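What follows is a short report on a single structure.
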Protein chains: 4
Amino acid sequence: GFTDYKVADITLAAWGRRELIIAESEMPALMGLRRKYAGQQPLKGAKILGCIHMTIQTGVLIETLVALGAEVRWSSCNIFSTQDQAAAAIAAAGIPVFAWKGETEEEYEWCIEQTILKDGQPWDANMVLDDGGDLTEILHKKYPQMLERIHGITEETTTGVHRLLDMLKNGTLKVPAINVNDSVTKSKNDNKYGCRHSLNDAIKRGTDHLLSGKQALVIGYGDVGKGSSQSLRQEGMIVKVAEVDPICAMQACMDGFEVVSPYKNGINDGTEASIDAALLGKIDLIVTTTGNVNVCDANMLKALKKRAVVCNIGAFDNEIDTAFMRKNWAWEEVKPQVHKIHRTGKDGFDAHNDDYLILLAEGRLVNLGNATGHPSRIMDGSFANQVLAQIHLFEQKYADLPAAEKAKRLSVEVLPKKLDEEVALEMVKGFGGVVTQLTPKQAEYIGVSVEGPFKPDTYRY
Amino acid sequence: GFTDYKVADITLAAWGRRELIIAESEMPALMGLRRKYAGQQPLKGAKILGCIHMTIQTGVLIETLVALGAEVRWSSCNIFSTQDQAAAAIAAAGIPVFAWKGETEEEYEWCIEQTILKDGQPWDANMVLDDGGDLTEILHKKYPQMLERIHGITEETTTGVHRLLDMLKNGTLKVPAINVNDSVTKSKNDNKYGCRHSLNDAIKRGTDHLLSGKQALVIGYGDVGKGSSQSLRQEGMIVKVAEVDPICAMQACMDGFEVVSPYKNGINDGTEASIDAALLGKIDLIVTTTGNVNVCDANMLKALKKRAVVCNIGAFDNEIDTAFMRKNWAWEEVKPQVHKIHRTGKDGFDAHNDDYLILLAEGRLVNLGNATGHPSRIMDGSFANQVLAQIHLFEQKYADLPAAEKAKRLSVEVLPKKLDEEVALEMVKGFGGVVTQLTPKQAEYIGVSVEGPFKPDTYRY
Amino acid sequence: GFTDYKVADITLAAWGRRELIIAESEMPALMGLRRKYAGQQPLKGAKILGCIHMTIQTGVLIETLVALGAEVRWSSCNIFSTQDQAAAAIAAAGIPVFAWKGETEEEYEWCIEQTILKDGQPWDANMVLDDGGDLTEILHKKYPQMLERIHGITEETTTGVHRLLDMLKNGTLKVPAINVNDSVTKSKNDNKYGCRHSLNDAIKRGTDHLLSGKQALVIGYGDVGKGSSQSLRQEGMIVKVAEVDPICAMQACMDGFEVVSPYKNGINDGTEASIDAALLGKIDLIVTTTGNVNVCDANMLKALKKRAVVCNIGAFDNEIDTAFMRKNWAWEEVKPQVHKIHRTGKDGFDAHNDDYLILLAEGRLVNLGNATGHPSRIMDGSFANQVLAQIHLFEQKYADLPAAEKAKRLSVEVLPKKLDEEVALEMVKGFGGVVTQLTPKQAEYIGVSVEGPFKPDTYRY
Amino acid sequence: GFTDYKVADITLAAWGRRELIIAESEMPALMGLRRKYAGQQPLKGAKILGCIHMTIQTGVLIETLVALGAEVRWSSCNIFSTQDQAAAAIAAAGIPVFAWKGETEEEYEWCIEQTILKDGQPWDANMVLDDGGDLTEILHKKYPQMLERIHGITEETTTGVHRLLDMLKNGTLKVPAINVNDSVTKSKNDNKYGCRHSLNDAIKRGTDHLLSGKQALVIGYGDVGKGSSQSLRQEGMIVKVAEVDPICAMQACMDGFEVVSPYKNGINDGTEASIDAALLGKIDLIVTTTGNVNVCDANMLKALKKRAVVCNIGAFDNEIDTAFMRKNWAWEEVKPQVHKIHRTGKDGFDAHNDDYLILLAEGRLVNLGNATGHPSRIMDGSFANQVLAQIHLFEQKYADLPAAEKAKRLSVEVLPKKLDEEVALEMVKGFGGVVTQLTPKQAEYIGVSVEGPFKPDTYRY
Ligand SMILES: NC(=O)c1ccc[n+]([C@@H]2O[C@H](COP(=O)([O-])OP(=O)(O)OC[C@H]3O[C@@H](n4cnc5c(N)ncnc54)[C@H](O)[C@@H]3O)[C@@H](O)[C@H]2O)c1
Ligand SMILES: NC(=O)c1ccc[n+]([C@@H]2O[C@H](COP(=O)([O-])OP(=O)(O)OC[C@H]3O[C@@H](n4cnc5c(N)ncnc54)[C@H](O)[C@@H]3O)[C@@H](O)[C@H]2O)c1
Ligand SMILES: NC(=O)c1ccc[n+]([C@@H]2O[C@H](COP(=O)([O-])OP(=O)(O)OC[C@H]3O[C@@H](n4cnc5c(N)ncnc54)[C@H](O)[C@@H]3O)[C@@H](O)[C@H]2O)c1
Ligand SMILES: NC(=O)c1ccc[n+]([C@@H]2O[C@H](COP(=O)([O-])OP(=O)(O)OC[C@H]3O[C@@H](n4cnc5c(N)ncnc54)[C@H](O)[C@@H]3O)[C@@H](O)[C@H]2O)c1
Ligand SMILES: Nc1ncnc2c1ncn2[C@@H]1O[C@H](CO)[C@@H](O)[C@H]1O
Ligand SMILES: [Cl-]
Ligand SMILES: [Cl-]
Ligand SMILES: [Cl-]
Ligand SMILES: [Cl-]
Ligand SMILES: [K+]
Ligand SMILES: [K+]
Ligand SMILES: [K+]
Ligand SMILES: [K+]
Ligand SMILES: [K+]
């Protein structure tokens, strides 16, 4: 028997497999790569450490990497994001996976360690697929010898890419990386439209609250903030937006949102006097989207309207000051990943107290913690990029290069625009969309190939 | 007195001045530059040849350049885009302007020549401000000795920038340029939200048609196609989108549009048989947004539903095959810039014929031809960038540089992100928006200065 | 050889006729009635006094009544709503019309009198078609003997119907009326979707203001307030709604609007202290939609943000306290139907004053005053109802009935639902819509005829 | 030792009670009635048979009836609509409830019988609260002696009201009813906005499909069809609408939808040749909203695009021909209330077959079957009307009237507009909305009391 896994319930595997078969039909770009490359086995010999939300969508990614010849050892990059039926289906296929919904922090770290170690010794990994950079950091700090044999890292998300660029600037990055996030078929698909789909989904599953007619404050208006604001406005919320970037704030104004600060004149002096108590006393829902720290701070939480919902769809659990809430206020679990936080004091609560907030997913990614994250047809884009990135770095064989050649290739790069366009075309055909083919006269006129690429690398879409 | 101008009717000046005084109140970024720089006169000695739509918005731009010390000589860059009251108010302020709504092509060329020549001889021009590149082209082909003493070109629009980059690639560009278009406070403000405002405006003014419930086809989904599609969808049109760029097409799908081609399978076979007659036979409105040639071709025009409206909001009138319609079909003027084009033949029409198309602005930019183009508060972004670009190139004094130093500076560049952010901030304050200030701990965490810039140059917004 | 008219400029007739031929193609319900009834001449001997906005749409209505055998004498029901090309085309067809854009109030009354009198004596009128009730009131108060020969009144608008119902309650109504307004193909087409089309249109034509990102207050959330709110929100305005009717307020909340009052706690105590100065100080645009009096009162006008736009789209100009502004503040005409109202005093203003409001159409219906009112394809529904109402009351011949039979028929009634459905079907076919036919089994199951009507008279749609 | 109940799992009671305490804070109109009437106990002696979806919202309704003095015996009106935690919390409070999610049809009927009988014998019921009419029908057919002592029926839904009106027409209705559905704070709140909230919710929970960019067909455009169409369009679906009522079809056109029929020219001739195969071959999602029979028929199911989702949000499961699919096609359960229906035959299926449909909730109400139905703050309106209707009929004491007095009161009536307005006001205050108070002069001008009602009974909102 296969035993090299740890999942909540292996008996969920048949359900997981039914959902994987549906997901394949929703992921034409990823299934296109399976069909194109299966014969050629471009990841034969690849041994991939994977750390990304163990969802049905990640299951189709894993089985694509395996279909192209890879071996993998997998964990989730978040304690609440695993779909237990997806983890079970992957374990039942004989793939090492260590993931369940509702891990402790200690279990989270143990699951990553179970991917790194096989039978008590470092696995002979030669590739990394990461979401958020925790596995990347553990390899660099705790297993630096393993990075001598690793050809590359493919990084999913905005925050993970920031961490790679910090290592590259400091000369501590040991292997090259592909920034998957900044493909247009990732950043301007997943980060925006994924949150559009999944933020209102997660709030409805957690609370079943009406959103129409209520007041929201979205902190941030990057790709996640844009999609989150639309998720709420399209339901009929009155959405206000906070930003530190005046260009993003300009976009929020033109998109029909009022731009406000939680702080008087936008200045946080650290005192309660700097809080716009009148603004926050009218807010029914706060959503953090920044990838920054303490953007929904203790003084903001004290000033929020009674019975406001608080949630985070960006970075870790520290966009909201959940540590302040754990120390000072009394938590009542409604159901998993839904807590009433009683502002009456730190110990006991009255079941009928009216002065509480509702926190979703303990301040962790709400779309994955309270629903199922982005849908298959959106993750198709992200995960087709991940597969292309794995193929590219594995074929370059960085770990085998002489030192002089390594020095030239030690970088954090995006995939070429031609590949971003090829992913997009498969996504468009999935919708039954028909792209026009330029005439040679038209291609000459605008200075492009009929085949593309269609835009210069400066183009922002 | 002052006679160095040609406008439709100088008696419109008082009306134009009333509208300029309103427009100043809608343009805080541009009036902020007036207030900041008036004392230091950074354009003292600047002699600007201007060629851009002679609107009220352009009037505030002209008067800002003059307030900062510049002398100008102005023309419109389109035969239909002048607002006669704007042209009159500028002439009445003693500024040379040669512009009226409804120029012939011969008059258009004569107006540009009247900016270039003062009293029959080259003007001592030392700067160019252009929209679409026609003035730039005339100087390069016909007045090369004038370009010897010109420090730079500031170019407004996507098509004009493409023409500059073609000259730079061929080594024929004689002076450096700033690509004003690709400021985020231009491309992702004017090109998108301006067309959102002004496309449905122009269609209503020209036709007074109900848009709700009718079928539109928007050709292109770049910045202008995105804003145009929203202009129509927000009115309740059923909008279909055509694209050659699969990434733009993916955006159109995720934005909730069906992506279609006028050609079967997207392929033009050179014949009528390749036209999707069933699709085009249901379309009430076609809008071209591409900057490309013949994207609404003769065979598409033959297949359109009876009484369909045809218009173009890209920079030039060759997106639609209007030459085909001039040669083959009978034009009936409804009113200025609105023609019924009778598909019954060239030599006369029945006044009650049902088989016609309605063409707006004879296929020229419809927002400016049938309405007033973008609103002041949007043009504020574009024109604040134009003023900063004029200051930057004028201060660099390229014409005065020795040959070896010119070679290092001969480029087509965008303004630095810090300036794009400073324009955006004044636009946000104009809406009463309040940007948040990062704390020192937050700025250190995300790796930015508290003052900005907030994003790397790769960021796409 | 026709002089029985007064219009601004008869030379506009050819332009008017071109626009009437376009409008016929946009009005299938009205042109369906022309085709169906032309043979029967059901209005042969009808002599209709008409008083409704002299637009292109009203032109097609007039020519339908004439095609079915009627003679008419026509005036506009508003001093600013005439389209001079429409009035000219009607005069040029030999129809008596007394209407021009920009009448004085004295000219307005003179125009209605020229319809009532032919060659200095009362016309032998036998039908009335009214919008707002002014002609109805003049006949009752000043020409009661003419009402002895009149078979009925067909009334277009909410306020005119209210005036009829007041006469009927008081026993002063002399002839029966049809309430055209309350057909679903009028009230829930024209009043709502017409204002959706034409409010943003009129504001853009008058001011060319950007609406996106700015704050609006819509007073009222009936059919006009619902359409007006959507006109603004779809442009990206942040819309707040005021209401006195809690059911309409509930709809505004669920539609995604914040419901506010100009008055603290919704109580107007007549003092400045009762004004919510903080709310009105943030408003860029106020729109009145109520059909009520003084809903934008002197204290609200004093408190509005500098440079706010003020307009009314309800039937009469006393929704806004324009009398207060005429007595106290200095009016600056920007252009026709656009005034800056300087809150600095009565007897002069600084041309560069910042403390003004912008009033559109001097507080009269803004959609008709600053644009062209509702589009042809919407007015098709209203005007097909008007024609059916004229045919129905003319055929009943009330004036010829004995007193006992008159008493049974003296009422204000709506058209039967079957006729409302027949108008709707022609409107749907105009969009290329395909209505499904019930099977006999389905019709039996839901208890309707396959031909309709499909809904009980209580149904609200 | 209370045992007079049957629920899935009594240990879910604590979770249900936490959700009821949250729901109370979202239901101000219902909690307002508790506060107002608790002292007076207007339902003291009331013995209510309730048959409505056993949700958290129904829990707050039940506990309001009990707080006002009623005893109840409860069942669900649908096999899949119970929330097991709500049923457990009501059982744990000592209230007889017979309800669980996933009843068989035999269990459904047994649950209704357990409300009717206490200890084997008719309960001393004197009131009925019904949703859909099944309990009403069972009492009329099987328990006529019980209806002798019943004062009235309060009926929730459109289909149930139709069944009452059919009994009233036939003289078979034994007790008077209130049509709760046709309160504006029910029909134009619940039926529309509830489905707006809950349709996309249920589709996401069942399938996790992306909706953006996909094609939907909504059958019907009444209140449910309007809310359903918005649920999908706001997610970015391309929505087409089918209707038999041309007035509802006109609304769909003006709302920006294409109106289509499954049948060529809208004629179902019963043959496959009448199916618009090209239309149905492009549809990803069909939603039935009609309250009619066989509106998504066998020939339509055969023609649908592979892997289309099929669901019903009308009251009963015969809108879709699920009988045809049970007889002809192989059902694969994905998870509860989600089936793949393999069009390859009845016998088995290939696990990787591509030719299937996805049916949600076995064709039963999808919002309640696959999600939690409408949110608390919407059901507040419906259920405040239910409580007022119960109070009204209970106070009238119809069963105690002599035969001659019964004959005068045997009707199906709506609540008076004043009560509809009082429910709306509490709903508006729940959003923080501020209704304006008319001045005496304004109230006199529009002919209403300052307290309301504000509209005539003919008003359609
Ligand atoms: N939950 C998911 O499914 C999902 C999807 C994509 C990415 N992410 C995560 O979302 C986060 C944001 O990613 P993104 O792609 O939108 O990044 P981004 O850089 O596009 O946007 C972040 C925005 O936050 C703003 N911001 C920073 N500090 C702020 C503050 N104090 N107040 C207000 N605004 C502030 C920045 O100006 C910026 O515009 C990251 O942590 C990323 O990894 C999550
Ligand atoms: N009217 C105005 O006020 C206004 C404002 C800004 C720019 N412009 C002009 O509008 C044009 C477009 O500018 P932009 O900034 O949107 O450029 P862009 O590069 O952002 O977009 C143009 C798009 O057209 C698409 N396209 C090209 N050929 C096509 C074809 N045959 N079929 C369909 N799609 C096709 C391209 O793929 C691209 O996405 C330019 O000519 C620009 O100068 C006009
Ligand atoms: N083309 C046009 O401009 C056009 C079109 C149709 C109707 N009308 C006119 O528009 C007006 C409104 O018509 P409607 O059909 O919407 O009527 P309606 O009865 O549907 O709505 C009017 C609304 O005003 C609200 N209201 C009244 N007094 C108020 C106050 N003090 N503050 C806030 N709200 C208040 C009422 O509660 C009501 O809901 C009428 O005068 C009608 O004749 C104009
Ligand atoms: N799921 C829920 O939570 C919920 C909510 C309220 C009502 N309901 C139920 O939804 C159903 C509809 O209710 P409603 O209030 O919208 O009713 P309605 O009368 O407002 O609308 C039903 C519509 O269906 C149309 N229709 C009938 N036959 C048709 C056909 N063959 N093709 C196309 N359209 C057709 C009718 O013309 C009508 O406009 C009822 O069964 C009602 O009880 C369910
Ligand atoms: N109101 C206006 N005034 C001047 N330029 C305009 C206006 N509206 C649009 N444009 C410009 O026209 C250019 C196309 O020629 C666009 O790049 C845009 O910046
Ligand atoms: Cl070619
Ligand atoms: Cl390129
Ligand atoms: Cl005159
Ligand atoms: Cl003419
Ligand atoms: K998912
Ligand atoms: K303009
Ligand atoms: K004066
Ligand atoms: K019009
Ligand atoms: K619910």
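When a ligand or atom number is given, it counts from 1 through the structure's own listing order. To find a chain, count down the sequence lines: A is the first, B the second, and so on, and within it residues start at 1.
Of the polar atoms of B:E156, at least one N or O is found under 3.5 Å from an N or O of ligand 5, judged by distance alone. Residue contacts with ligand 5: B:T157 is placed with a nitrogen or oxygen under 3.5 Å of a nitrogen or oxygen of the ligand (distance criterion only). Looking at ligand 5, you'll find an N or O of B:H53 within less than 3.5 Å of one of its N or O atoms.
Under 4.0 Å from ligand 5, not a single heavy atom of B:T158 appears. For B:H374, heavy-atom contacts with ligand 5 shorter than 4.0 Å involve the backbone as well as the side chain. Contact annotation: for B:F383 versus ligand 5, heavy atoms closer than 4.0 Å belong to the side chain alone.
At least one heavy atom of B:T372 sits closer than 4.0 Å to an atom of ligand 5. In this structure, B:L61 does not count as a contact residue of ligand 5, since none of its heavy atoms falls inside 4.0 Å of the ligand.
Residues B:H53 and B:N78 bring no donor and acceptor atom of their side chains to less than 3.5 Å of each other.
For the side chain to side chain contact (heavy atoms under 4.5 Å, CB included) with B:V60, the lone residue among B:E19, B:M31, B:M379 that qualifies is B:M31.
With hydrogens and angles disregarded, no donor-acceptor distance shorter than 3.5 Å links the side chain of C:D380 to the backbone of C:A384.
Counting only heavy atoms of the protein, atom 1 (N) of ligand 5 lies nearest to B:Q57 OE1, 2.9 Å.
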